[PDB]
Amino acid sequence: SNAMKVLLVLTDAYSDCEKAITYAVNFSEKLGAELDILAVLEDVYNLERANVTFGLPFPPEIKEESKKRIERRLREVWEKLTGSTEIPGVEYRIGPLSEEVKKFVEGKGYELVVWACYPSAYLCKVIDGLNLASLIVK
């Protein structure tokens, strides 16, 4: 299969990134790429850590709230561009971006990774540590 394997990486903290989601849809459609979506819940992760550190409690529903904000944002763009709201399945990982992207992506052969509106300064390292093209959407 010559299907360009692409991964869209989303953050629950920067779920409003139409430009990135658009790039992905265009690769999927116009370039026939095999698209997968990974959403890292970094904010939910920081909650877990504040919990351990200060004993700050938080409702398990928080996970779902983020999952839905993300999924809604996907449908909006997908429908707007594709007239359809059938989006890919979303894989959720709770932890540090770099670390989680690395784990997830390993040995899956992704030719490209599209980073959704995440602060560039913090990607510099991972992008280098990864052997695949990176599309930094600002």
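The numbering used is simple: start at 1 and walk along the sequence shown.
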query	finding
Mean Cα B-factor comparison, 38 to 46 or 79 to 87, giving the higher one as deposited	79 to 87
Stretch with the higher entry mean CA B-factor, where the candidates are 1 to 9 and 127 to 135	1 to 9
Options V113, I70, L56, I94 - largest CA temperature factor per the record	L56
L31 CA temperature factor, ranked by third within the chain	highest
CA B-factor ranking of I21, expressed as a third of its chain	lowest
Position of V52 among the chain's modelled residues by C-alpha B-factor, lowest, middle or highest third	lowest
Among modelled residues of the same chain, the CA temperature factor third for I62	highest
